[PDB]
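Engineer: Data file protein30.csv (CSV, C-alpha atoms) is appended below.
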chain,number,residue,atom,x,y,z
A,18,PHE,CA,0.0,0.0,0.0
A,19,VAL,CA,3.0,2.3,-0.5
A,20,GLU,CA,1.4,4.5,-3.2
A,21,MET,CA,-1.2,5.6,-0.6
A,22,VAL,CA,1.0,6.8,2.2
A,23,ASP,CA,0.9,10.6,2.8
A,24,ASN,CA,-2.1,10.9,0.4
A,25,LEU,CA,-3.8,13.3,2.8
A,26,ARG,CA,-3.3,17.1,3.3
A,27,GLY,CA,-5.0,19.8,5.4
A,28,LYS,CA,-4.9,22.9,7.5
A,29,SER,CA,-5.2,22.6,11.3
A,30,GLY,CA,-8.9,22.9,12.2
A,31,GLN,CA,-10.2,22.5,8.6
A,32,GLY,CA,-10.1,18.8,8.1
A,33,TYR,CA,-8.1,16.4,5.9
A,34,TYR,CA,-8.5,16.0,2.2
A,35,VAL,CA,-7.6,13.5,-0.5
A,36,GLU,CA,-7.1,14.1,-4.3
A,37,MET,CA,-9.8,12.6,-6.4
A,38,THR,CA,-10.8,12.7,-10.1
A,39,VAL,CA,-14.4,12.8,-11.4
A,40,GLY,CA,-15.7,12.4,-15.0
A,41,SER,CA,-14.2,11.6,-18.4
A,42,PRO,CA,-11.8,13.1,-19.1
A,43,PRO,CA,-10.7,13.2,-15.4
A,44,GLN,CA,-11.3,16.4,-13.4
A,45,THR,CA,-9.0,16.6,-10.3
A,46,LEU,CA,-10.5,17.9,-7.1
A,47,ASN,CA,-9.4,17.9,-3.4
A,48,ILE,CA,-12.1,16.2,-1.3
A,49,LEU,CA,-12.5,16.3,2.5
A,50,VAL,CA,-12.5,12.8,4.1
A,51,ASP,CA,-15.5,12.6,6.5
A,52,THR,CA,-16.4,9.4,8.4
A,53,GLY,CA,-19.2,11.3,10.0
A,54,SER,CA,-21.4,11.5,6.9
A,55,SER,CA,-22.4,9.3,3.8
A,56,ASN,CA,-22.7,11.7,0.8
A,57,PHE,CA,-20.1,12.4,-1.9
A,58,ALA,CA,-20.7,16.0,-2.8
A,59,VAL,CA,-18.6,18.4,-4.8
A,60,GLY,CA,-18.8,22.1,-5.7
A,61,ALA,CA,-20.1,22.4,-9.2
A,62,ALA,CA,-20.4,26.2,-9.6
A,63,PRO,CA,-17.9,29.1,-9.3
A,64,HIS,CA,-18.3,30.0,-5.7
A,65,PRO,CA,-15.7,32.7,-4.9
A,66,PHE,CA,-13.9,30.5,-2.2
A,67,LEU,CA,-13.3,27.6,-4.6
A,68,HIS,CA,-10.0,26.8,-6.4
A,69,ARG,CA,-11.9,24.6,-8.9
A,70,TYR,CA,-15.2,22.8,-9.3
A,71,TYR,CA,-16.9,19.9,-11.1
A,72,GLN,CA,-17.9,20.9,-14.7
A,73,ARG,CA,-20.5,18.2,-15.7
A,74,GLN,CA,-20.6,19.6,-19.2
A,75,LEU,CA,-17.0,18.4,-19.8
A,76,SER,CA,-17.8,14.8,-18.8
A,77,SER,CA,-19.0,12.2,-21.3
A,78,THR,CA,-19.8,9.8,-18.5
A,79,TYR,CA,-22.0,12.1,-16.4
A,80,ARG,CA,-25.6,10.9,-15.9
A,81,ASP,CA,-28.3,13.0,-14.3
A,82,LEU,CA,-30.6,11.4,-11.7
A,83,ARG,CA,-33.0,14.3,-12.0
A,84,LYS,CA,-33.4,14.7,-8.2
A,85,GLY,CA,-32.0,17.3,-5.8
A,86,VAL,CA,-30.7,17.2,-2.2
A,87,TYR,CA,-30.8,19.8,0.6
A,88,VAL,CA,-28.6,19.4,3.7
A,89,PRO,CA,-29.1,21.9,6.5
A,90,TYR,CA,-26.7,22.5,9.4
A,91,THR,CA,-27.3,24.6,12.5
A,92,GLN,CA,-26.5,27.9,10.7
A,93,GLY,CA,-25.7,26.9,7.1
A,94,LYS,CA,-26.3,24.3,4.4
A,95,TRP,CA,-25.5,22.7,1.0
A,96,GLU,CA,-27.9,21.9,-1.8
A,97,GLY,CA,-27.3,20.0,-4.9
A,98,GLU,CA,-28.2,18.1,-8.0
A,99,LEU,CA,-27.8,14.3,-7.9
A,100,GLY,CA,-26.0,12.5,-10.7
A,101,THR,CA,-23.5,9.6,-11.3
A,102,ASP,CA,-20.1,9.7,-12.9
A,103,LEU,CA,-16.8,7.8,-13.0
A,104,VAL,CA,-14.6,8.4,-9.9
A,105,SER,CA,-11.0,7.5,-9.2
A,106,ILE,CA,-8.5,8.2,-6.4
A,107,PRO,CA,-5.0,8.8,-8.0
A,108,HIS,CA,-3.1,8.0,-4.8
A,109,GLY,CA,-5.6,5.2,-3.9
A,110,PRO,CA,-6.4,1.8,-5.4
A,111,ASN,CA,-6.0,1.4,-9.2
A,112,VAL,CA,-9.7,1.3,-10.0
A,113,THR,CA,-12.5,3.5,-11.4
A,114,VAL,CA,-16.0,3.3,-9.9
A,115,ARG,CA,-19.4,4.7,-11.0
A,116,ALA,CA,-20.5,6.7,-7.9
A,117,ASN,CA,-23.3,8.9,-6.9
A,118,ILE,CA,-22.2,12.5,-6.8
A,119,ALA,CA,-24.1,15.5,-5.5
A,120,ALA,CA,-23.2,18.6,-7.6
A,121,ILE,CA,-23.4,21.4,-5.1
A,122,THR,CA,-25.1,24.4,-6.7
A,123,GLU,CA,-25.9,26.5,-3.6
A,124,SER,CA,-24.3,26.6,-0.1
A,125,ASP,CA,-24.0,28.6,3.1
A,126,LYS,CA,-21.2,28.3,5.7
A,127,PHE,CA,-19.9,25.1,4.0
A,128,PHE,CA,-16.9,26.1,1.9
A,129,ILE,CA,-14.1,27.8,3.9
A,130,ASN,CA,-12.5,31.0,2.6
A,131,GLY,CA,-8.8,30.2,2.1
A,132,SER,CA,-9.2,26.4,2.1
A,133,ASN,CA,-7.9,24.1,-0.6
A,134,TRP,CA,-10.7,21.6,-0.8
A,135,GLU,CA,-13.8,21.6,-3.0
A,136,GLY,CA,-16.1,18.7,-1.8
A,137,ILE,CA,-16.7,16.0,0.8
A,138,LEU,CA,-16.4,12.2,0.8
A,139,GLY,CA,-18.9,10.7,3.2
A,140,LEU,CA,-17.4,7.4,4.3
A,141,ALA,CA,-20.2,6.3,6.7
A,142,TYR,CA,-23.2,4.1,6.0
A,143,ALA,CA,-26.4,4.5,3.8
A,144,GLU,CA,-28.7,5.0,6.9
A,145,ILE,CA,-27.6,8.7,7.2
A,146,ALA,CA,-27.2,9.4,3.5
A,147,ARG,CA,-29.4,12.2,2.2
A,148,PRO,CA,-32.1,12.4,0.9
A,149,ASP,CA,-32.6,8.8,2.1
A,150,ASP,CA,-30.8,5.5,2.5
A,151,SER,CA,-31.4,4.4,-1.1
A,152,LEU,CA,-28.5,6.7,-2.3
A,153,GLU,CA,-25.6,4.3,-2.2
A,154,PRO,CA,-22.5,5.8,-0.5
A,155,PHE,CA,-19.2,5.9,-2.4
A,156,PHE,CA,-17.4,3.2,-0.5
A,157,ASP,CA,-20.4,0.9,-0.9
A,158,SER,CA,-20.2,1.4,-4.7
A,159,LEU,CA,-16.5,0.9,-4.6
A,160,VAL,CA,-16.8,-2.5,-2.8
A,161,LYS,CA,-19.7,-3.6,-4.9
A,162,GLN,CA,-18.0,-2.8,-8.2
A,163,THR,CA,-14.4,-3.8,-7.6
A,164,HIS,CA,-12.2,-6.3,-5.7
A,165,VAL,CA,-11.2,-3.7,-3.1
A,166,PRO,CA,-11.6,-5.3,0.4
A,167,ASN,CA,-14.4,-3.8,2.6
A,168,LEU,CA,-12.1,-1.8,4.9
A,169,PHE,CA,-10.2,1.4,5.1
A,170,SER,CA,-7.7,3.0,7.6
A,171,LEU,CA,-6.8,6.5,8.6
A,172,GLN,CA,-3.6,7.9,10.1
A,173,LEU,CA,-4.2,11.6,10.7
A,174,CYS,CA,-1.0,13.4,11.7
A,175,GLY,CA,-0.9,17.2,11.8
A,176,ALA,CA,2.7,17.8,12.6
A,187,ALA,CA,-0.1,25.2,9.7
A,188,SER,CA,-0.1,22.3,7.2
A,189,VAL,CA,-1.1,18.9,8.4
A,190,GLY,CA,-0.8,15.5,6.7
A,191,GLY,CA,-1.9,11.9,6.8
A,192,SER,CA,-2.7,8.6,5.1
A,193,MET,CA,-5.9,7.0,4.0
A,194,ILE,CA,-5.3,3.4,3.2
A,195,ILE,CA,-8.2,2.1,1.1
A,196,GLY,CA,-8.7,-1.7,1.2
A,197,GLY,CA,-6.2,-2.5,3.9
A,198,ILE,CA,-3.9,-1.8,6.7
A,199,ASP,CA,-0.3,-0.6,6.5
A,200,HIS,CA,1.9,-1.8,9.4
A,201,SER,CA,4.4,1.0,9.0
A,202,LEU,CA,1.7,3.5,10.2
A,203,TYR,CA,1.4,2.0,13.7
A,204,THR,CA,3.2,0.5,16.7
A,205,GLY,CA,2.1,-2.2,19.0
A,206,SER,CA,-1.1,-4.1,18.4
A,207,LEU,CA,-4.5,-3.1,17.1
A,208,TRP,CA,-7.3,-3.4,19.6
A,209,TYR,CA,-10.9,-3.6,18.2
A,210,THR,CA,-14.3,-2.2,19.4
A,211,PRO,CA,-17.6,-3.3,17.7
A,212,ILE,CA,-19.5,-1.1,15.4
A,213,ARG,CA,-22.7,-1.0,17.4
A,214,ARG,CA,-24.9,-0.1,14.5
A,215,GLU,CA,-23.9,0.7,10.9
A,216,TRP,CA,-25.1,4.3,10.4
A,217,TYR,CA,-22.5,6.6,11.8
A,218,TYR,CA,-19.4,4.6,13.0
A,219,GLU,CA,-21.0,4.1,16.4
A,220,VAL,CA,-19.0,2.7,19.3
A,221,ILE,CA,-19.6,2.4,23.1
A,222,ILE,CA,-17.4,4.1,25.7
A,223,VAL,CA,-17.5,2.1,29.0
A,224,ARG,CA,-15.2,4.1,31.2
A,225,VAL,CA,-13.5,7.4,31.3
A,226,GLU,CA,-10.5,8.3,33.4
A,227,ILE,CA,-9.0,11.8,33.7
A,228,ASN,CA,-5.5,11.2,34.9
A,229,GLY,CA,-6.4,7.8,36.3
A,230,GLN,CA,-9.6,8.7,38.1
A,231,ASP,CA,-12.9,7.6,36.8
A,232,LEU,CA,-15.9,10.0,36.5
A,233,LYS,CA,-18.2,7.2,37.8
A,234,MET,CA,-21.3,8.1,35.8
A,235,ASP,CA,-23.9,5.7,34.7
A,236,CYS,CA,-21.9,4.6,31.6
A,237,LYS,CA,-25.2,4.9,29.5
A,238,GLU,CA,-24.5,8.7,29.7
A,239,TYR,CA,-21.3,8.4,27.7
A,240,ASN,CA,-23.2,7.2,24.8
A,241,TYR,CA,-26.3,9.3,25.0
A,242,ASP,CA,-27.8,8.9,22.5
A,243,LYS,CA,-24.8,8.1,20.3
A,244,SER,CA,-21.0,7.7,20.5
A,245,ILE,CA,-19.1,8.1,17.1
A,246,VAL,CA,-15.7,8.2,15.4
A,247,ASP,CA,-15.7,11.3,13.0
A,248,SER,CA,-12.7,12.5,10.9
A,249,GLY,CA,-14.7,15.6,9.7
A,250,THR,CA,-15.4,16.9,13.3
A,251,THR,CA,-12.4,18.7,14.8
A,252,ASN,CA,-13.5,18.3,18.5
A,253,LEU,CA,-14.1,15.6,21.1
A,254,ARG,CA,-17.8,16.3,21.5
A,255,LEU,CA,-19.5,15.0,24.7
A,256,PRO,CA,-23.1,14.7,26.1
A,257,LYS,CA,-23.5,17.8,28.3
A,258,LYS,CA,-23.7,15.7,31.5
A,259,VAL,CA,-20.3,14.1,30.8
A,260,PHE,CA,-18.7,17.3,29.5
A,261,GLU,CA,-19.8,19.0,32.7
A,262,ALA,CA,-18.1,16.4,34.8
A,263,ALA,CA,-15.2,16.0,32.4
A,264,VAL,CA,-14.3,19.7,32.6
A,265,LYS,CA,-14.9,19.8,36.4
A,266,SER,CA,-12.0,17.2,36.8
A,267,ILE,CA,-9.7,18.7,34.2
A,268,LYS,CA,-10.2,22.1,35.8
A,269,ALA,CA,-9.1,20.5,39.1
A,270,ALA,CA,-5.7,19.0,38.4
A,271,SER,CA,-5.0,22.0,36.1
A,272,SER,CA,-5.4,24.4,39.0
A,273,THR,CA,-1.7,25.2,39.2
A,274,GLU,CA,-2.7,28.1,36.8
A,275,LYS,CA,-6.0,29.9,36.1
A,276,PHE,CA,-8.1,30.5,33.0
A,277,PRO,CA,-11.5,32.1,32.4
A,278,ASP,CA,-14.7,30.0,32.3
A,279,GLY,CA,-15.0,31.1,28.7
A,280,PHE,CA,-11.9,29.1,27.8
A,281,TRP,CA,-13.6,25.8,28.9
A,282,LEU,CA,-16.7,26.7,26.7
A,283,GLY,CA,-14.6,27.5,23.6
A,284,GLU,CA,-15.6,31.2,23.9
A,285,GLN,CA,-12.0,32.5,24.2
A,286,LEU,CA,-8.6,31.2,23.4
A,287,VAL,CA,-5.8,30.8,25.9
A,288,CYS,CA,-2.4,32.3,25.2
A,289,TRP,CA,1.2,31.6,26.4
A,290,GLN,CA,4.6,33.0,25.5
A,291,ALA,CA,6.3,30.9,22.7
A,292,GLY,CA,7.7,27.6,24.0
A,293,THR,CA,6.1,28.1,27.5
A,294,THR,CA,3.0,25.9,27.1
A,295,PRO,CA,2.6,24.0,30.4
A,296,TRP,CA,1.4,20.6,29.0
A,297,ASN,CA,2.1,18.8,32.3
A,298,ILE,CA,-0.4,20.9,34.2
A,299,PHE,CA,-3.1,19.2,32.0
A,300,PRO,CA,-4.3,15.6,32.6
A,301,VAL,CA,-4.6,12.7,30.2
A,302,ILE,CA,-8.0,11.4,29.2
A,303,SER,CA,-8.5,7.7,28.8
A,304,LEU,CA,-11.6,6.3,27.1
A,305,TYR,CA,-12.1,2.6,27.6
A,306,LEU,CA,-13.9,1.1,24.7
A,307,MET,CA,-16.1,-2.0,24.6
A,308,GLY,CA,-13.9,-4.9,23.4
A,309,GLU,CA,-14.5,-7.9,21.1
A,310,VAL,CA,-15.2,-10.3,24.0
A,311,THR,CA,-17.8,-10.3,26.8
A,312,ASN,CA,-16.7,-8.4,29.8
A,313,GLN,CA,-13.4,-7.3,28.0
A,314,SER,CA,-12.5,-3.7,27.3
A,315,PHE,CA,-9.3,-1.8,26.2
A,316,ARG,CA,-8.3,1.8,26.7
A,317,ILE,CA,-7.0,4.6,24.5
A,318,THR,CA,-5.1,7.4,26.1
A,319,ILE,CA,-4.6,10.9,24.6
A,320,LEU,CA,-2.8,14.0,25.7
A,321,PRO,CA,-3.3,17.8,26.2
A,322,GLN,CA,-1.3,18.1,22.9
A,323,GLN,CA,-4.4,16.5,21.3
A,324,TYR,CA,-7.3,18.4,23.1
A,325,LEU,CA,-5.4,21.7,23.3
A,326,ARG,CA,-5.3,22.8,19.7
A,327,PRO,CA,-2.9,25.4,18.3
A,328,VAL,CA,-4.9,28.3,16.7
A,329,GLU,CA,-3.4,29.2,13.4
A,330,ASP,CA,-2.8,32.9,12.8
A,331,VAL,CA,-3.0,36.0,15.1
A,332,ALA,CA,-2.7,39.7,14.0
A,333,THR,CA,-4.0,40.6,17.5
A,334,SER,CA,-1.2,38.4,19.1
A,335,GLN,CA,2.1,36.6,18.5
A,336,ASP,CA,1.8,33.9,21.2
A,337,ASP,CA,1.2,30.2,21.1
A,338,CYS,CA,-2.6,30.5,21.4
A,339,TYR,CA,-4.9,27.4,21.6
A,340,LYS,CA,-8.6,26.5,21.7
A,341,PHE,CA,-10.1,24.0,24.2
A,342,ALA,CA,-11.3,21.3,21.8
A,343,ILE,CA,-13.6,19.4,24.1
A,344,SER,CA,-17.2,20.5,23.8
A,345,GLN,CA,-20.7,19.5,24.5
A,346,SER,CA,-23.4,18.0,22.3
A,347,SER,CA,-26.9,16.9,22.0
A,348,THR,CA,-26.3,14.2,19.4
A,349,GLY,CA,-24.1,11.9,21.4
A,350,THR,CA,-20.3,11.5,21.8
A,351,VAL,CA,-18.2,12.4,18.7
A,352,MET,CA,-14.5,11.3,18.6
A,353,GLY,CA,-12.8,13.8,16.2
A,354,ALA,CA,-9.3,14.7,15.1
A,355,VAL,CA,-8.4,15.3,18.8
A,356,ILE,CA,-8.7,11.5,19.3
A,357,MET,CA,-7.7,10.3,15.8
A,358,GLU,CA,-4.4,12.1,15.7
A,359,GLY,CA,-3.2,9.9,18.5
A,360,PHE,CA,-4.0,6.6,16.7
A,361,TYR,CA,-4.0,4.6,13.5
A,362,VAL,CA,-7.7,3.9,13.1
A,363,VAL,CA,-9.0,0.9,11.1
A,364,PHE,CA,-12.5,1.0,9.8
A,365,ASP,CA,-13.0,-2.7,9.5
A,366,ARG,CA,-16.5,-2.7,7.8
A,367,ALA,CA,-16.2,-6.4,6.8
A,368,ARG,CA,-16.1,-7.4,10.5
A,369,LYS,CA,-18.2,-4.5,11.9
A,370,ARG,CA,-15.4,-3.3,14.1
A,371,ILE,CA,-13.0,-0.4,14.5
A,372,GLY,CA,-9.4,-0.9,15.4
A,373,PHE,CA,-7.1,1.5,17.3
A,374,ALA,CA,-3.3,1.4,17.5
A,375,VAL,CA,-0.7,3.9,18.6
A,376,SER,CA,0.1,6.0,15.5
A,377,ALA,CA,3.7,6.0,14.3
A,378,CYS,CA,3.3,9.8,13.6
A,379,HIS,CA,1.6,10.9,16.8
A,380,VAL,CA,3.5,13.7,18.5
A,381,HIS,CA,5.3,12.7,21.7
A,382,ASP,CA,8.6,13.2,23.6
A,383,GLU,CA,10.1,11.6,26.7
A,384,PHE,CA,7.4,12.5,29.3
A,385,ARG,CA,4.0,11.0,28.2
A,386,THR,CA,2.6,9.2,25.2
A,387,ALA,CA,-0.6,8.2,23.5
A,388,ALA,CA,-1.3,4.5,24.2
A,389,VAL,CA,-3.6,1.6,23.4
A,390,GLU,CA,-3.7,-1.0,26.2
A,391,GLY,CA,-5.7,-4.1,27.2
A,392,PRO,CA,-7.3,-6.3,28.1
A,393,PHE,CA,-9.3,-4.9,31.0
A,394,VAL,CA,-12.2,-6.5,32.9
A,395,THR,CA,-15.4,-4.3,32.6
A,396,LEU,CA,-18.8,-5.7,33.5
A,397,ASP,CA,-22.2,-4.6,32.2
A,398,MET,CA,-20.8,-2.9,29.1
A,399,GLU,CA,-24.0,-3.7,27.2
A,400,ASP,CA,-25.9,-1.3,29.7
A,401,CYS,CA,-23.6,1.4,28.5
A,402,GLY,CA,-25.5,1.6,25.2
A,403,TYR,CA,-28.7,3.7,24.7
A,404,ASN,CA,-31.8,2.2,23.2
Translate the structure of the given file into structure tokens.
Structural biologist:
Amino acid sequence: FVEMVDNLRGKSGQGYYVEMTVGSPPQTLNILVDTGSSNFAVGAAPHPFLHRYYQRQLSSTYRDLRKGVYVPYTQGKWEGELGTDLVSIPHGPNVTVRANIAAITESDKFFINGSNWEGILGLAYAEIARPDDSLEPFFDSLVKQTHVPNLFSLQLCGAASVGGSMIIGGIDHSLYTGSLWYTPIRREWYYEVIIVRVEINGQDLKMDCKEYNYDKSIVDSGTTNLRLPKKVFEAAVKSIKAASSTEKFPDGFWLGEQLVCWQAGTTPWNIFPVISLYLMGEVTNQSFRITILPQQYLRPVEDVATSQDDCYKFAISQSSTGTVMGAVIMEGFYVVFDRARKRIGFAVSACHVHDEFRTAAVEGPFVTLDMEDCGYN
């Protein structure tokens, strides 16, 4: 899988993208990799923020489906025209697939001014595809139409400019150290998993573990933050606040309402605790844990005209749609989306940032009872 290593690029806070081609002859576009959604959608009109866009008129293989799609978000949206065309991934497998593509013709707060991507690749399941689950996701079409194995893996690095690898159809052992540990995909809609225990520094929060997964707990490469049900974020913050009390910061910091600033090189990482999420394992009463650092949940904020410090944003935040494990978590690990066996694997990433003090880790087995009660029905 050597051709695929370092096939991802990005800017901190703005996701990771892969080069793709669409149509005949091929039109190259940079496409955001998103395991938290299930539509393949590309800019198809000259929006001022876009470097390029899909020009259906130049493609002999384009087919109109004569149906639209409208995707709202909390204060924006994208809207498009559905079609199919031939899709390839230059630094991916040596195949071409006929995929559904939403040609985006109107949007609000979707495209980012200054970004270098022009569409989104939804890698999740049909259940959450819009307008309904009959629109086959890309990866489903890729598996159905070729000999590519039903799995993919992501190594997100981010050291400004971030990088990574999306290995389509396999695992690459050079991207991780130690062993992979696997947690079941609870249900194939989002990549849903179940968190059974949470330590901050070593000390569990001791909440009905059902709360950790209320109503959902998910692995999402498109979402930047570790998102948490309010009840858990509340308690989560309370404890991180506590062993971080060597220094002070405003209450707005912990709500993502202001950034925290330190002189260059003077970030006190050690004042901040680790977070350990224990995940449901493959066997009854067996769990494993993944351990991240402040360097993962304390995110450098790119540019500052109003400052010249090392400023960061607290990247844990609350939710009403369940737990969401974003780039904060994934930059610590090589993550294997083993769709064939309805499981997700985690291993220590060979590119995660460490030193001599503390490290990202994946460890097991642990004994955890009543993990099934941790799931919301």
Engineer: Counting all atoms listed in the file, what is within 12 Å of region 268-279 of chain A, bar same-chain residues fewer than 2 positions away, as a PyMOL selection string?
Structural biologist: chain A and resi 227-230+260-266+281-289+294-301+321+340-341+344
Engineer: Include C-alpha atoms and write out the residues we just selected as a short mmCIF file (atom, residue, chain, number, x, y, z; two decimals), in the coordinates of the input.
Structural biologist:
data_model
loop_
_atom_site.label_atom_id
_atom_site.label_comp_id
_atom_site.auth_asym_id
_atom_site.auth_seq_id
_atom_site.Cartn_x
_atom_site.Cartn_y
_atom_site.Cartn_z
CA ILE A 227 -9.00 11.80 33.70
CA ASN A 228 -5.50 11.20 34.90
CA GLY A 229 -6.40 7.80 36.30
CA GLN A 230 -9.60 8.70 38.10
CA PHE A 260 -18.70 17.30 29.50
CA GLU A 261 -19.80 19.00 32.70
CA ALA A 262 -18.10 16.40 34.80
CA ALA A 263 -15.20 16.00 32.40
CA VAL A 264 -14.30 19.70 32.60
CA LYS A 265 -14.90 19.80 36.40
CA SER A 266 -12.00 17.20 36.80
CA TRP A 281 -13.60 25.80 28.90
CA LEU A 282 -16.70 26.70 26.70
CA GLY A 283 -14.60 27.50 23.60
CA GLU A 284 -15.60 31.20 23.90
CA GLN A 285 -12.00 32.50 24.20
CA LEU A 286 -8.60 31.20 23.40
CA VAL A 287 -5.80 30.80 25.90
CA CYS A 288 -2.40 32.30 25.20
CA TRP A 289 1.20 31.60 26.40
CA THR A 294 3.00 25.90 27.10
CA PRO A 295 2.60 24.00 30.40
CA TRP A 296 1.40 20.60 29.00
CA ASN A 297 2.10 18.80 32.30
CA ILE A 298 -0.40 20.90 34.20
CA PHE A 299 -3.10 19.20 32.00
CA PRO A 300 -4.30 15.60 32.60
CA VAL A 301 -4.60 12.70 30.20
CA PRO A 321 -3.30 17.80 26.20
CA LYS A 340 -8.60 26.50 21.70
CA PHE A 341 -10.10 24.00 24.20
CA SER A 344 -17.20 20.50 23.80
#
Engineer: Any idea what the distance is between CA of residue 138 (chain A) and CA of residue 325 (chain A)?
Structural biologist: 26.8 Å
Engineer: Given the choices A:133, A:345, A:76, A:91, which gets closest to residue 254 (chain A) if the distance is worked out from only C-alpha atoms?
Structural biologist: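 With only C-alpha atoms as the atom set, the closest residue is A:345.
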Engineer: Closest to residue 124 (chain A) among A:62, A:152, A:145, A:306, using only C-alpha atoms?
Structural biologist: A:62
Engineer: Using only C-alpha atoms, determine which residues lie at most 9 Å from region 348-361 of chain A, disregarding the query and same-chain residues fewer than 3 positions distant; provide the list as a PDB file with C-alpha atoms, keeping the file's coordinate frame.
Structural biologist:
ATOM      1  CA  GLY A  30      -8.900  22.900  12.200  1.00  0.00           C
ATOM      2  CA  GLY A  32     -10.100  18.800   8.100  1.00  0.00           C
ATOM      3  CA  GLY A  53     -19.200  11.300  10.000  1.00  0.00           C
ATOM      4  CA  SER A 170      -7.700   3.000   7.600  1.00  0.00           C
ATOM      5  CA  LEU A 171      -6.800   6.500   8.600  1.00  0.00           C
ATOM      6  CA  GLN A 172      -3.600   7.900  10.100  1.00  0.00           C
ATOM      7  CA  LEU A 173      -4.200  11.600  10.700  1.00  0.00           C
ATOM      8  CA  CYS A 174      -1.000  13.400  11.700  1.00  0.00           C
ATOM      9  CA  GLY A 175      -0.900  17.200  11.800  1.00  0.00           C
ATOM     10  CA  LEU A 202       1.700   3.500  10.200  1.00  0.00           C
ATOM     11  CA  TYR A 203       1.400   2.000  13.700  1.00  0.00           C
ATOM     12  CA  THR A 204       3.200   0.500  16.700  1.00  0.00           C
ATOM     13  CA  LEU A 207      -4.500  -3.100  17.100  1.00  0.00           C
ATOM     14  CA  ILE A 222     -17.400   4.100  25.700  1.00  0.00           C
ATOM     15  CA  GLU A 238     -24.500   8.700  29.700  1.00  0.00           C
ATOM     16  CA  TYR A 239     -21.300   8.400  27.700  1.00  0.00           C
ATOM     17  CA  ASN A 240     -23.200   7.200  24.800  1.00  0.00           C
ATOM     18  CA  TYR A 241     -26.300   9.300  25.000  1.00  0.00           C
ATOM     19  CA  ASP A 242     -27.800   8.900  22.500  1.00  0.00           C
ATOM     20  CA  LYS A 243     -24.800   8.100  20.300  1.00  0.00           C
ATOM     21  CA  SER A 244     -21.000   7.700  20.500  1.00  0.00           C
ATOM     22  CA  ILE A 245     -19.100   8.100  17.100  1.00  0.00           C
ATOM     23  CA  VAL A 246     -15.700   8.200  15.400  1.00  0.00           C
ATOM     24  CA  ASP A 247     -15.700  11.300  13.000  1.00  0.00           C
ATOM     25  CA  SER A 248     -12.700  12.500  10.900  1.00  0.00           C
ATOM     26  CA  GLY A 249     -14.700  15.600   9.700  1.00  0.00           C
ATOM     27  CA  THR A 250     -15.400  16.900  13.300  1.00  0.00           C
ATOM     28  CA  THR A 251     -12.400  18.700  14.800  1.00  0.00           C
ATOM     29  CA  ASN A 252     -13.500  18.300  18.500  1.00  0.00           C
ATOM     30  CA  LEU A 253     -14.100  15.600  21.100  1.00  0.00           C
ATOM     31  CA  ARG A 254     -17.800  16.300  21.500  1.00  0.00           C
ATOM     32  CA  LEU A 255     -19.500  15.000  24.700  1.00  0.00           C
ATOM     33  CA  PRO A 256     -23.100  14.700  26.100  1.00  0.00           C
ATOM     34  CA  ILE A 317      -7.000   4.600  24.500  1.00  0.00           C
ATOM     35  CA  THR A 318      -5.100   7.400  26.100  1.00  0.00           C
ATOM     36  CA  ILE A 319      -4.600  10.900  24.600  1.00  0.00           C
ATOM     37  CA  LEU A 320      -2.800  14.000  25.700  1.00  0.00           C
ATOM     38  CA  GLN A 322      -1.300  18.100  22.900  1.00  0.00           C
ATOM     39  CA  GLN A 323      -4.400  16.500  21.300  1.00  0.00           C
ATOM     40  CA  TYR A 324      -7.300  18.400  23.100  1.00  0.00           C
ATOM     41  CA  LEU A 325      -5.400  21.700  23.300  1.00  0.00           C
ATOM     42  CA  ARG A 326      -5.300  22.800  19.700  1.00  0.00           C
ATOM     43  CA  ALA A 342     -11.300  21.300  21.800  1.00  0.00           C
ATOM     44  CA  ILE A 343     -13.600  19.400  24.100  1.00  0.00           C
ATOM     45  CA  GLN A 345     -20.700  19.500  24.500  1.00  0.00           C
ATOM     46  CA  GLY A 372      -9.400  -0.900  15.400  1.00  0.00           C
ATOM     47  CA  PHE A 373      -7.100   1.500  17.300  1.00  0.00           C
ATOM     48  CA  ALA A 374      -3.300   1.400  17.500  1.00  0.00           C
ATOM     49  CA  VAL A 375      -0.700   3.900  18.600  1.00  0.00           C
ATOM     50  CA  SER A 376       0.100   6.000  15.500  1.00  0.00           C
ATOM     51  CA  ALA A 377       3.700   6.000  14.300  1.00  0.00           C
ATOM     52  CA  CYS A 378       3.300   9.800  13.600  1.00  0.00           C
ATOM     53  CA  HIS A 379       1.600  10.900  16.800  1.00  0.00           C
ATOM     54  CA  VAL A 380       3.500  13.700  18.500  1.00  0.00           C
ATOM     55  CA  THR A 386       2.600   9.200  25.200  1.00  0.00           C
ATOM     56  CA  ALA A 387      -0.600   8.200  23.500  1.00  0.00           C
ATOM     57  CA  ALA A 388      -1.300   4.500  24.200  1.00  0.00           C
ATOM     58  CA  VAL A 389      -3.600   1.600  23.400  1.00  0.00           C
TER      59      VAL A 389
END
Engineer: Give the answer as one residue: which of A:113, A:47, A:206, A:290 has the shortest atom-to-atom distance to residue 160 (chain A), using all atoms listed in the file?
Structural biologist: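 Smallest separation from residue 160 (chain A) among the options: A:113.
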Engineer: Measure the distance from CA of residue 191 (chain A) to CA of residue 61 (chain A) in Å and round it to one decimal.
Structural biologist: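 Taking CA of residue 191 (chain A) and CA of residue 61 (chain A), their separation equals 26.4 Å.
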Engineer: Measuring atom to atom with all atoms listed in the file, identify which of A:70, A:155, A:338, A:33 is nearest to residue 51 (chain A).
Structural biologist: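 Looking at the shortest contact to residue 51 (chain A), the residue is A:33.
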Engineer: Could you tell me how far CA of residue 134 (chain A) lies from CA of residue 146 (chain A), in Å and to one decimal?
Structural biologist: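 Spanning CA of residue 134 (chain A) to CA of residue 146 (chain A) is a straight-line distance of 21.0 Å.
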